[PDB]
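Below is one structure; the comments refer to it alone.
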RNA sequence: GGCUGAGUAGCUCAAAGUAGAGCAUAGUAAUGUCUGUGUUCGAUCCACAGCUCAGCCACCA
RNA sequence: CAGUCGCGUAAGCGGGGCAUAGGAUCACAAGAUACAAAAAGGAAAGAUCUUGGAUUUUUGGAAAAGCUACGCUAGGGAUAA
RNA sequence: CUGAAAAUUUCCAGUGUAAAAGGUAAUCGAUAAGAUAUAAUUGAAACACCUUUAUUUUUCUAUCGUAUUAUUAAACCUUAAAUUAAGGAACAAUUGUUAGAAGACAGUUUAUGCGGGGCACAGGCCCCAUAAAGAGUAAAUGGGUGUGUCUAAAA
RNA sequence: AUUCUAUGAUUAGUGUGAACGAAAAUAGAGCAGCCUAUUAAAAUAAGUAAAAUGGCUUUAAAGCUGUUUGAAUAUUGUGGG
Ligand SMILES: [K+]
Ligand SMILES: [K+]
Ligand SMILES: [Mg+2]
Ligand SMILES: [Mg+2]
Ligand SMILES: [Mg+2]
Ligand SMILES: [Mg+2]
Ligand SMILES: [Mg+2]
Ligand SMILES: [Mg+2]
Ligand SMILES: [Mg+2]
Ligand SMILES: [Mg+2]
Ligand SMILES: [Mg+2]
Ligand SMILES: [Mg+2]
Ligand SMILES: [Mg+2]
Ligand SMILES: [Mg+2]
Ligand SMILES: [Mg+2]
Ligand SMILES: [Mg+2]
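If you want it as structure tokens, here you go:
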């Protein structure tokens, strides 16, 4: 324990445009690693970045981000 | 409306001023117990004394 | 009891009332001797008590 | 191989504490029909104390008798009765304040090296569950009110 | 002994506020009295379960009414309970004298006051169920319904017992396997010494 | 400031803020005149 | 290392002190000294 | 200046329900918990204070 | 001189030792004082008084090893052959 | 000692593998019997049951870390106009930070005194003589085993 | 508003030292405001302000900056000093 620690990134918020197995159902919002989204999902159009503008158009707020569901089954 | 001297504000007072009444009381308490402390020190003696500040 | 219980608060600096340290010193007794060093009992009185305790 | 100098102190952020009146409502139900003269409360107070430190061996004369009462710290806790089943919350309340104060007075009376601070206060009966105690006294439910009975 | 250990052991024992026998009695009732034997013989098992299963659920919602029990060693004693139903249209009489529980029959059923009319209910060689329904229908009282959170309490602890019993037998299979193994080791040592 | 106010808040200096004081009040914004008696 | 510098703290809680030296293999110092804050002779004891 | 780990037969090393086995000493025998102070039924053991200390940071102005 | 203590019948004596042999600022540390407080209330960092740690031993107080015959400049019969 | 479920605690005696303390005299046995416990025995300490703690051990979970394996399944890297190709691969490489480290390289110091300089030695303080009857008085002048102390006063 | 000169000022302040060294303000030279800028530019500003760390500047603030991280929405008191 300490009063200051190493600064870390928690990930990027994305809304799945498909239904990837082992992560979440379609239209699911959660924080995923930047590597997977940047190299695997975004090119294949499997998800999209949830920018502040996107939150407004979709009517949701920043308090709708969920968690990854590793147990998810198709 | 500045801090302390503003309307409805109260001066905080310097640290040595806040603990002024709590400082003279400690000194007053020690003197009242001075005769009883010297009596126990002259009876017990300098060598057998075992109470010292910390 | 009245002397040691009295508190004279004197006007000082910056409109501050406090007990002067020297007055706090004279509460136990007047200057000239160190209170506590003076023998409370008298050797003669101690001799009388010694006989009383032996008589009984 | 490893060793610690302290008693295990759990996290209380998620604990569910009860008020004195709300607690007796749960306990008085489990002791329905039990002889009140042979059923008495009890309190276990966990203390944030080090194993190396000394122990408490003082006594306390409670306002109302339950059997001078005796209490001793064995291992980071102190166990002693505080009142019979028929004790009303008003009588049982002060019967506890006298116990906590006599402790906190003995702690401050003790050395300043490791002031033993309280962590939690439990309350149970001879046949009741161990429930946590909150500093509050009145019931949270507005419908119920202080009621005394057998 | 963690905080959550003591917490789960408590919230499970807090079934007092549940569906089986809980109900909000009316203000017409004044007090209750019951008398039965210690053992379960000559028709005495019914009242016992009523005292350990459903009766505690009444004092939670009715903590103002005194419910006292008078046990005795006479196994043939009349296992009967009285209900001071009538309070004289809530006239609030001064019913100061009233006994307290005991174990040797020292607190029998006292005579009701002028503004009180008791209601006798016999129970002998009868199940708690028939005894319970006879208490509610006679003493008209509304039954409180549980909240969704209470359903989770029942559902949670129910699924917990699945994990527990699954572990009770598992850890049991490791200890007996050890006990057997340790015993086998001792037998070899004893046998070897004989040689 | 505190000092500047207290200076012109007392009648000894004939401060133009002295009228804001009561006969028993002290010019200082923190200190107060203690009470004499036994209690 | 053989002699240490000690501080005799006033027992009047006035904050005045006297500093003397004494061997390590000796008992703590205790004296009846004059306190200039209260202007009276009080008992001074070693700090530690 | 500041915390930390150690002390048991003559010498080695072991070990809260024990003081063991070697070597040394005189095939056959005997040898001891740094000290005081505590807790618990009982302490090589838990605790406290010193003694001896070693080890690690710091003053080195 | 003021303060307030010891001894002495008293006069009086006592601001270490029969005399003559070891250091400052600065920085840091522990106490007091109540001075100032960069808008204001506080505080920080400062100021005054007391005190401590120095082969600061080149001891009026630098953190510091050699070769040149490949040698250079400015001077010195103030200096050697 | 992240938390959860479950379990475990053996000197002799002791019904027997007594974890400890506190509270308690009844608890269990669907209506018929009896098992537990209290008693009594043993022991320093006596047991069910309800509580709060202590020690130890499994699985799950949290965290950290090692080793390995896979990877157009488009990280990156290599050949390749540079491709659904081939190989390597979460390494390497680069950036930032941190520690160690070559006079390889750079700046600077290495002084002064001395019957020339070099080597050597020397630097503050105290007593005596030289010192010429006040005080002062030099020399790589003569003496000294001189000095960086000791000391709270009492049993 | 910016710019130039003088005073403020061998000052505040910094630095073991040697030294380095502001601003408010004042006087003078000039004077000019605007976004429909008199040449064609905002839908009022997010990897931004800021923080840790390595440096610059510097009085510890403000300012500049590589790396790793990372806000809020107007005096109805939001944001910077
Ligand atoms: K491959
Ligand atoms: K800055
Ligand atoms: Mg990352
Ligand atoms: Mg000397
Ligand atoms: Mg200010
Ligand atoms: Mg010199
Ligand atoms: Mg000199
Ligand atoms: Mg040559
Ligand atoms: Mg070089
Ligand atoms: Mg002469
Ligand atoms: Mg002369
Ligand atoms: Mg200056
Ligand atoms: Mg803007
Ligand atoms: Mg910035
Ligand atoms: Mg700021
Ligand atoms: Mg800024």
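Residue numbers (full-length UniProt numbering), protein chains in the order written: chain A, 52 to 125; chain B, 110 to 163; chain C, 281 to 336; chain D, 59 to 125, 218 to 300; chain E, 2 to 196; chain F, 251 to 289; chain G, 7 to 54. Just so you know, even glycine gets a beta-carbon here, dropped at the ideal spot from N, CA and C.
| Asked | Found |
| --- | --- |
| Residue 138 of chain E and residue 81 of chain E: beta carbons closer than 8 Å? | no |
| Are residue 281 of chain D and residue 81 of chain D touching if we call contact CB-CB under 8 Å? | yes |
| Could you give the C-beta distance for residue 132 of chain E and residue 44 of chain E, rounded to a whole number, given that I count them as a contact under 8 Å? | Rounded, the Cβ-Cβ distance is 11 Å, inconsistent with contact. |
| Give me the Cβ distance between residue 146 of chain B and residue 19 of chain G, rounded to the nearest whole Å; I'm assuming they're in contact under 8 Å. | Actually they do not touch by this definition, with Cβ atoms about 12 Å apart. |
| Taking the straight line between their C-alpha atoms, what separation do you get for residue 196 of chain E and residue 174 of chain E? | 33 Å |
| Any idea which residues DSSP pairs residue 85 of chain E with across the strands? | E:119 |
| If you pair each beta-carbon of the segment 89 to 98 of chain D with each one of the segment 220 to 235 of chain D, do three or more pairs fall below 8 Å? | yes |
| Provide the residue span of the alpha helix (DSSP H) that contains residue 132 of chain D, from first to last. | Shown without residue 132 of chain D, the model has chain D running from 125 straight on to 218. |
| Skipping 5 residues on each side, what residues in its chain have a beta carbon closer than 7 Å to that of residue 92 of chain E? | 116 |
| Just to confirm the assignment, what range does the beta strand (DSSP E) spanning residue 118 of chain A have? | Segment: none, residue 118 of chain A is in no beta strand (DSSP E) and carries neither H nor E. |
| Just to make sure I have the definition right: I need the residues of chain B whose C-beta is within less than 7 Å of the C-beta of residue 317 of chain C. Which are they? | 147 and 151 |
| Quick one: grab the DSSP three-state call for residue 138 of chain E. | helix |
| Can you check whether the CB of residue 95 of chain E is closer than 8 Å to the CB of residue 71 of chain E? | no |
| Taking only three categories from DSSP, how would you classify residue 153 of chain B? | helix |
| Thinking just about the alpha-carbon of each residue, which of C:288, C:324 and C:333 is nearest to the one in residue 134 of chain B? | C:288 |
| Determine the chain C residues that contact residue 268 of chain F at a beta-carbon separation under 8 Å, and present them in chain order. | Correct list: empty, because the minimum Cβ distance to chain C is about 14 Å. |
| Examine the Cβ distances between the segment 179 to 189 of chain E and the segment 46 to 64 of chain E and report whether three or more of them are shorter than 8 Å. | no |
| Starting from residue 83 of chain A and walking both ways along the beta strand (DSSP E), at which residues does that stretch end? | 80 to 83 |
| Quick one: give me the first and last residue of the beta strand (DSSP E) that residue 38 of chain E is part of. | 33 to 38 |
| With a cut-off of 7 Å, give the chain-ordered residues whose Cβ is closer than this to any heavy atom of ligand 3. | A:59 and A:60 |
| May I have the straight-line CA-CA distance separating residue 113 of chain E from residue 123 of chain D, to the nearest angstrom? | 33 Å |
| Determine the burial state of residue 47 of chain G: buried for a count of at least 16 other Cβ atoms within 10 Å of its Cβ, exposed for fewer. | buried |
| Who are the neighbours of residue 136 of chain B on chain C, taking C-beta pairs under 8 Å? | 301 and 304 |
| May I have a chain-ordered list of the alpha helix (DSSP H) segments no shorter than 4 residues that lie completely inside the segment 41 to 68 of chain E? | 46 to 50 and 57 to 62 |
| Run the CB neighbour count on residue 152 of chain B, radius 10 Å, all protein chains shown included, and call it buried at 16 or more, exposed below. | exposed |
| Is there contact between the segment 265 to 278 of chain D and the segment 93 to 105 of chain D, where contact requires at least three CB pairs shorter than 8 Å? | yes |
| For residue 144 of chain E, which of E:19, E:78, E:42 and E:177 has the nearest alpha-carbon? | E:19 |
| Rounded to a whole number of angstroms, what is the C-alpha to C-alpha distance between residue 115 of chain D and residue 273 of chain D? | 21 Å |
| Please determine, among A:84, A:52, A:104 and A:98, the residue with the shortest C-alpha to C-alpha distance to residue 60 of chain A. | A:84 |
| Does any CB atom of chain B fall closer than 8 Å to the CB of residue 323 of chain C? | no |
| Give the range of the alpha helix (DSSP H) segment to which residue 188 of chain E is assigned. | 149 to 195 |
| For residue 125 of chain A and residue 111 of chain A, I'd like the C-alpha separation in whole angstroms. | 25 Å |
| Residues in the segment 79 to 102 of chain E with C-beta within 7 Å of chain D's C-beta atoms, listed in sequence order? | 101 and 102 |
| What is the rounded straight-line gap between the Cα of residue 75 of chain E and the Cα of residue 94 of chain D? | 22 Å |
| Using three-state DSSP, classify residue 269 of chain F as helix, strand or coil. | helix |
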